[PDB]
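Below is a structure I'd like to ask you about.
We call the chains A, B, C, D and E, going by the order they appear; numbering starts again at 1 in every chain.
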Amino acid sequence: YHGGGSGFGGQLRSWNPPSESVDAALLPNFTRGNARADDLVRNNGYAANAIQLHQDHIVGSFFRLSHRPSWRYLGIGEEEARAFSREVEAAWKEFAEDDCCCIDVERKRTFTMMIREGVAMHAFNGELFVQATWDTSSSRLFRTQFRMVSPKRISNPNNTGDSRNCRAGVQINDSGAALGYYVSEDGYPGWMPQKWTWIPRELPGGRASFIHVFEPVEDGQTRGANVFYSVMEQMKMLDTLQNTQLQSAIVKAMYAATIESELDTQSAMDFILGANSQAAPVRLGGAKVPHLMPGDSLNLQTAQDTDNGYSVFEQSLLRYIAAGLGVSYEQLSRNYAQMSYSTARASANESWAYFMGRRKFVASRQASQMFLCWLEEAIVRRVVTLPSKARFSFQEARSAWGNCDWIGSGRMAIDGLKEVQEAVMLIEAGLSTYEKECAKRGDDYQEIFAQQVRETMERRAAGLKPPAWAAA
Amino acid sequence: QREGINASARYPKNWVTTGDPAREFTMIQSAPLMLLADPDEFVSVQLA
Amino acid sequence: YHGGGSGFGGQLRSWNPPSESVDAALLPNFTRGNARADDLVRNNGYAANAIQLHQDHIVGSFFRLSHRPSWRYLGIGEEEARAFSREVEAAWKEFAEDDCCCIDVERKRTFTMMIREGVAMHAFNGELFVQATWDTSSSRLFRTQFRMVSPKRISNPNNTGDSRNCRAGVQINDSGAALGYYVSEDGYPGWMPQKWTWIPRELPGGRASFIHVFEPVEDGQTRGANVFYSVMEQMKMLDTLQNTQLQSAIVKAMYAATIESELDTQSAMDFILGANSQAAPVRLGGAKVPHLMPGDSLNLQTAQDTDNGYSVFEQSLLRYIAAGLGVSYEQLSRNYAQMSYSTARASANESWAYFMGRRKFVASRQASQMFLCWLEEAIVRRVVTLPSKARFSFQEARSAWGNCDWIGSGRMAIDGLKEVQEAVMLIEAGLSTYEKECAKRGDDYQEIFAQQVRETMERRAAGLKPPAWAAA
Amino acid sequence: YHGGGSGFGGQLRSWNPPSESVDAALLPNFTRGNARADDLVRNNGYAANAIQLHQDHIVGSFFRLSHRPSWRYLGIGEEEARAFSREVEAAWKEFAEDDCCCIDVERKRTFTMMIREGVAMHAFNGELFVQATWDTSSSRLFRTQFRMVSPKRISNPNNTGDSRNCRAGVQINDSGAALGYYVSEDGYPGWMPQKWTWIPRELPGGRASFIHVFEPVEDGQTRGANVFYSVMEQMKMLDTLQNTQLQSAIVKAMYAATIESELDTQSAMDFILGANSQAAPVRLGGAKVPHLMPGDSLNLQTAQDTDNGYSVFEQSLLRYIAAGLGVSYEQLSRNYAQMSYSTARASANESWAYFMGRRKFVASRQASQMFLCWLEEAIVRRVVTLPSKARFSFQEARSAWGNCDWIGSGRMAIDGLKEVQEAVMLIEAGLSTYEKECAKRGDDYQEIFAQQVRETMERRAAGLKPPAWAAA
Amino acid sequence: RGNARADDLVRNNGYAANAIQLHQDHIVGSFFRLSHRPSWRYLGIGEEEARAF
């Protein structure tokens, strides 16, 4: 195996990376890496575009709930399960998308923006912390409020050399489970003394208190790694190349001509450039034919091509950056050159696979945990009543009572008609149901059925022709 | 080298000299060296 | 035969490679190769993109179970087998999809995440390890848990050499089969020396305790080799070439002019560039025409084309690397040249064959072993019941009772309508069935049938036209 | 004839290859040839791709068994023959595809894995060996265990010079047949020297105890010749060329500029490039314009085109190598230039002819011999019962009882719709049967028919429409 | 400084003014209409009076 050897001709005799765990290769440089990623996001055109694409495609304009408790396992009966689902969905709809924005303690974001910001933080930081608090002094029906914590404030044990159990400010038991996190205080003025607080992961009653979301890579990973470690260096170097090329082009274009003469500068520029002595500005009106004595001379400088093949190299670097980040090349670079229908559809599919994976993991898990945390409070406060004769209590079956599914925004078709024909053809056969085809457009089938059954009544009552879907 | 063996123990080979009287030889060769990581773990006495 | 000889003109007089099995060519340089491959996966965009392709296409966003016990051999009956399969599928679906992530001890993954990580860790290391233990103190329904172990941890105790019966931290009996594994301790700090344990592969009852999945190449191979050994050198050299070309382009485009004179540095820039003495900064406004005495001069330096044939060489190297890894070139480099439909479909199918092979072997074997380890408990703890009048006990034939088939995510076709049209054409004739077609979309036909029989009733009761599949 | 003469103008005066048989042209340089083949496979992007294509297209992900005993030759009866076939297929399907992987003693492969390893070994070594043994310690139903023997193991004892009857560790009787194989043990680090043991090809009872598969070239070929001898030189030389070209590109792009002066080494860089002495590092921020005296100078180097025709010549070499190995150029190089549908389909046909040949010979012969060796234990151990009134016993005509044909994975068509239309139109006429059409998709038609006959009952019970295949 | 510089760009440069006009024209358009949908199930009032309201 040449890979592990000296190399071809000794070229690899100095490439001996240490065999260390992921933690010992990530934690010593955590803060600097996070800071560099933030600097890239805040000051680069393409990084901001990538974050915007993440937020808009993974989550979308709306992130709607779909509750499906497993009634077979609980033995509660179909109608009771459906009624309980309807009541829970109505309660959540009234609590999640309110206008007063009381879901968040800071009173700044609704639920959809909270999901979007969580995906963003998971994009350029590789983790997200949502803290579920209480305000017993409040008079509202639901006193469970959530807060988003920046991963910077989950500091280590104050940066000192740490240990085995206490890693990166996340207290750990004998196994890999996490017991308690450390939270700091974000002080903008910069002079207040810092205070660190302990916030346990779970309350003694089993309720979720402080939430951590990320995707691991190896056996042990206390804190995650963002998607920029692959391609930061090329991004910064490309930005520097862009600025340097732009400045060089401006410098080369600035010096138009060059006067060579023997007389005084005022006289030489007076008798050649046409500037009047009555430095010296030159009027830009008309055409001029200067008269040059044998000593004098005039030279019109020529410059290189302004973009002598820089765009192709930009193309290569942007292709590399897009490959590293995950999105397609067209979306990141806005190039959209000439391409057939097949190439565009392949591009869209290759992006959408990754987008679906990310949505199914990060947003879905965060939303499910937040929804369960609210559901416990709703159940306890008798706002929602469980069916009787339950095989388990709510404590004994946490997921089974609230096994929920979420529907996000659906794809925007490249061909408007082909997708419609595909959906209709699948519906005509038995291969796919109504829910599957209505959900790909991000609509719930029950609402569509109710809307149609009131539309038929309105059309019948108003004196118009009955609709197509009405039953004769 | 021709048959792809280097840095091993007990390499055997067998050849015949090309000549009018031809004879056959047999040879095994190695590079035996024995070591200890810690030379001071064993105490060697002479009794009487 | 010229292959085994000196060569053409004696050019291959020094190409004399050692003749040795996989062990003698892999074991001495295992850690170095793993560390370099991990460096490339961590610090190169393209390799990380290949890993993401592996994870997303091999597994997807869901890894569904389909239980098909061989009831004919067991002599139990079809209906009892169907009921048993339904019960065990429901129990597995509730156990392994817990919102609190309690399948794994570390409480950081779910089942699909764990399968994806197993595939990835197979990709860049060559093997995947899963340890099955119990948490006796836990009071949940199932006490089985699984921990993912990184391949770096398995090493000889006390870092000694390889003995005949202990190669690379894996015990080997008289035959080639393994007996037990040596596991180090997770040492994040450099200090705090490591403790080495001993974990038998199988408990005395025959239940799996430690899982090792990897594909051998030769007769005796204690541990496998990852997919990167073919292209370890080329990716590093390609990265070095990219960085060097970018730095060289920036340097060459930096120097936009050159001043020749015989005066002081300050005055020469005052008189020609136009800077002010109150080196000297120059503001970029306007177009400037200097005046030069005979001794002076001004050269606007010209640089080469920034990208002279670098893109095509990058193309050739990326084609080589993709051919080495197994992912198609357009999936790796995001190139997507102008290509017809036939070429895109050919490339997608050529990559798809390999992807389906990997999913059928790696992920399927790991998930089957894990599912068997769970099914022992379900049976023993009497959560589910065995069919009566069985020819064999469960332990005498584990595979027959726990035989299972897994379904991943279906491919996303280049043309939307043609796939649906071919599916309907197949179903209309006898060449296929509903199960195989519904499986190619990652769906279970029984669930679709239940959904349709619910939807027809819901439409009938509400006053709508009955669906297409409804029976008169 | 000028082929056997001096040539055009005596250019072929020195080309006098010796007229020697294959045994005298392969054996003297056997081990070096195999070692060079392994080295090329282990350290090249293209060789590993060729091996992967061989494995994935010849066999695929599943290699099913279809038993068709010759009942007319034995005279047993149709119903009894089908009963025996069903019983033996069920027993084999249980034994072959265990997830405990206990078919081989090392417990690391399934049956399809073993067939794939056989195909791969037949690719880069020219021969495969399988040892069929028994385990009296095992308490399972079937005691048969197989193994894979690497061709390097089987050699002459103690490297003793070669003989007449015993060539290259394979013994030959008076005719060309082989009786026994000398196989050595292999321990890489040390222990007592290799002990060469005797293993007879076939036991006294006629059972096959050692398997050797390879296709001869001439009348007498004791050991096979690998497929790489044709093109081993060119792949190594292409490797050297690619590495040299990449290093040359790096070297040429490294030296950006050049400074000529007459002052100190550091002062010249301080005054021209702009570095600071507060070699001397230079900052890449902004644009710069140095000031030079008459003596000094600055030069911006220009490097040759990075990829000056290397891609086309690599294309030619890959075409040659693809012709040599058997895989089409488009599969090996991942190029996929703009090609119409006709060219792509023709190239696919060219690849598929060779792949069908290899699947019909190599894997099929290995699988047939393995299956017969297993079927002897079964018949003997009364796990299955032979039909009555048999004209011959099992040992009299082994091929009669085990006459089987295997199903591999089918082809993934370039256009999905067209092949389905072809199959449907052929089915409508009498030219082809359902068994062939369902076999070309890798399906067993009896299983398919059982599936439809169960699905129609399932649809009837649940209240859905009868399917198209149902009979009124 | 950031807000003042952004104002300077939007006032004087053609591409910034075009971008702002695109925002105004595509986010809102030429009109903005209301559809009042109280959650009548949550309040337990009815449907006819909800529609009249």
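Going forward, contacts are C-beta pairs under 8 Å (C-beta built on N, C-alpha and C of every residue); 3 or more make two chains touch, one makes a residue touch a chain.
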Fewest touch steps from chain C to chain D? 1
Contact tally winner between B-D and A-E is B-D
With residue numbers as the basis of comparison, which of the pairs A-D or C-D duplicates the interface of A-C in over half of its contact pairs? C-D
By C-alpha centroids, what is the most central chain here? C
Gap in Å, rounded to a whole number, between the CA centres of chain E and chain B: 89
Between chain D and chain E, what is the separation of their C-alpha centroids in Å? 63
What is the distance, in whole Å, between the centres of chain A and chain D, each centre taken as the mean of its C-alpha atoms? 43
Distance from the mean Cα position of chain C to that of chain B, given in whole angstrom: 47
Could you pull out the residues of chain B that touch at least 2 other chains? 2-4
Pairs of chains found to touch, sorted by chain label: A-C, A-D, A-E, B-C, B-D, C-D
Which bits of chain B are touching chain D when the two form their complex? 2-4, 9-10, 12-16, 24
For the complex, which residues does chain D have touching chain A? 42-43, 243, 247, 284-287, 289, 464-465
Tell me, which parts of chain A touch chain E in their complex? 90, 93-94
Per the touch rule above, chain C residues touching chain B in the complex are 16-20
Across the complex, what residues on chain D touch chain B? 31-32, 35, 158-161, 190, 193
